[PDB]
Amino acid sequence: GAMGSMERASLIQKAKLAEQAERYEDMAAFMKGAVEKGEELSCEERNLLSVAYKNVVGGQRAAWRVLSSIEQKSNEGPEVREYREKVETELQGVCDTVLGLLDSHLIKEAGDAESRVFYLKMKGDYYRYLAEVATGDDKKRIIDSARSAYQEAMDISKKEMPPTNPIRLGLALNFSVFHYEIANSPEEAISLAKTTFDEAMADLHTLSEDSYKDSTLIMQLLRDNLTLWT
Amino acid sequence: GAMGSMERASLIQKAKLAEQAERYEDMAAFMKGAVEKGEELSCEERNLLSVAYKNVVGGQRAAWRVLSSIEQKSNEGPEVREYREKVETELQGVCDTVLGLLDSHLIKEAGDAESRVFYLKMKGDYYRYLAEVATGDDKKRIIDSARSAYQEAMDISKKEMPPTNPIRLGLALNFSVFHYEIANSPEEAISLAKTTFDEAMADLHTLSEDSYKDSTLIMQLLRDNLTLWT
Amino acid sequence: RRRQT
Amino acid sequence: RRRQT
Ligand SMILES: N=C(N)c1cc(-c2ccccc2)c(CNC(=O)Cc2ccc3cc[nH]c3c2)s1
Ligand SMILES: N=C(N)c1cc(-c2ccccc2)c(CNC(=O)Cc2ccc3cc[nH]c3c2)s1
Ligand SMILES: [Cl-]
Ligand SMILES: [Cl-]
Ligand SMILES: [Mg+2]
Ligand SMILES: [Mg+2]
Ligand SMILES: [Mg+2]
Ligand SMILES: [Mg+2]
């Protein structure tokens, strides 16, 4: 696409500038172009990819939720529905764009557990975002695609990563929220959050001061959700 | 353009939804389409226009200032300059788009003082934003275009509006900042801010509780700048 | 609050 | 602070 004529390193460099400038749509286009260069991504580059699309899709979701609430209140002219559809279609485009990158070809080229777990979590996250707005003939299939990606990531992380690994913890956090609010399995969500928190606590003693802070930062988010749900 | 097939009222309606959804780029495209319908804008619609482009251009300016600072530090590869140029060009496009709307044909059709002062202030604001990033053969002309628009608005507001009018006050606020940081006339900026504040104070006694709050809200911004500058 | 991800 | 407009 439109980034094919820019160097890979230049795209990475500008993605970092766009992050500092809080230009996340630019950040995403740059990391999209970097991925399409066809080289595997380093740990840092993988985080730049995730952060960019998280913020882009994060604004769309928040906008979708505002409009969706207005729409439902109006159902207690066509403009409210039309504009919610517009935002929704745009949100689905970004989700399809990320899933296209993971499928072509970040996942199949990711042999390391750290990189493969990272991409499969992302895959579950963006099928979940599609699920948040799905309503029709293939909602169930979208949900199952999220479940399956999350489940493979959990199996690999369990085998290949320590219980305090921040990616394993973030994955567990998001799989738990999937269970709670997407799969209507609130008790699965609570068990997973609790078991994840406890097994990380039992492993903190092996960690350095820096890794300790990374892990506990995410253990607190698990605790926050547990506190909200019980 | 792309809004030509949507009703005017539907465009206004969706501009309000996009505001609630904090989708200001959508908000701007909708109000652009409403203006291009060719009908004068009501007081509320004029505020919807201003708010939308203010937020769009507000994000671009903030991004430009971050990148510009990084660029200058690097001058104590081409990627920093290139990306700052990109943001800058996009910012100039929005500024040119608004100026095009004012010139075609909001200003010449605005006969009321409230509406005409509103558009001429906007004209000064967006020549000023162009001035913030201008560097070459016609910087001085951009600055003078801002001055002239601001000056005509001030002459009309003085004749035709009371000293507490919020648009007159916002105009004075921005003309003062133009003097301070664009025209390198810090003493003109301070005199205008002081004289504007004092003449509004002397007029507060004629106002209702609601108008009193509108005016003093903006008198405080004049006071804040005075406090910063002296 | 809104749950966290 | 940053001046206000
Ligand atoms: N530019 C950026 N945004 C980042 C660059 C790098 C990076 C990576 C490798 C080398 C250099 C930099 C990042 C590393 N983040 C993580 O590993 C996971 C993590 C940890 C804690 C929390 C809390 C909320 N979410 C979290 C996510 S983030
Ligand atoms: N959707 C929106 N954002 C607005 C809709 C209407 C509106 C107009 C007419 C009828 C109904 C609504 C607005 C009215 N604002 C003003 O008049 C000027 C003003 C006053 C105080 C401050 C403080 C900082 N800036 C200020 C600007 S703002
Ligand atoms: Cl629409
Ligand atoms: Cl660029
Ligand atoms: Mg190369
Ligand atoms: Mg129970
Ligand atoms: Mg019509
Ligand atoms: Mg002096």
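Each residue's number is its place along the chain shown, starting with 1.
So this one's X-ray crystallography, 2.3 Å, going by the header.
Cβ atoms here come from the backbone N, Cα and C positions, even for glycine.
Listed in the PDB entry for this protein:
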type	residues	note
SEQADV	A:1-5	expression tag
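If you check Swiss-Prot, you get these features:
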type	residues	note
MOD_RES	A:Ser10	phosphoserine
SITE	A:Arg61	site 'Interaction with phosphoserine on interacting protein'
SITE	A:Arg128	site 'Interaction with phosphoserine on interacting protein'
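Structure with Swiss-Prot features highlighted.
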| residue | record | DSSP class |
| --- | --- | --- |
| A:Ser10 | phosphoserine | helix |
| A:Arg61 | site 'Interaction with phosphoserine on interacting protein' | helix |
| A:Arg128 | site 'Interaction with phosphoserine on interacting protein' | helix |
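Across the unmodelled stretch of 6 residues from A:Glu76 to A:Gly77, the Cα-to-Cα distance comes to 14 Å.
Looking at A:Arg61, A:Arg128, the recorded sites in this record, the fewest other C-beta atoms within 10 angstroms of the C-beta turn up around A:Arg61.
A gap of 30 Å separates the Cα atoms of A:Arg61 (site 'Interaction with phosphoserine on interacting protein') and A:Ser10 (phosphoserine). Applying DSSP to the expression tag (A:1-5) sorts its residues as follows: 0 helix, 0 strand, 5 coil. Applying an under-8 Å Cβ distance to chain C, the recorded positions A:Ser10, A:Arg61, A:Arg128 reduce to an empty list. Across the structure, A:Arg128 (site 'Interaction with phosphoserine on interacting protein') and A:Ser10 (phosphoserine) are spaced 32 Å apart at their Cα atoms. The residue listed as 'phosphoserine': 18 other CB atoms within 10 A of its CB, across all protein chains.
Proximity to chain B, taken as a Cβ less than 8 Å from one of its Cβ atoms, holds for A:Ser10 among the recorded positions A:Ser10, A:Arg61, A:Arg128.
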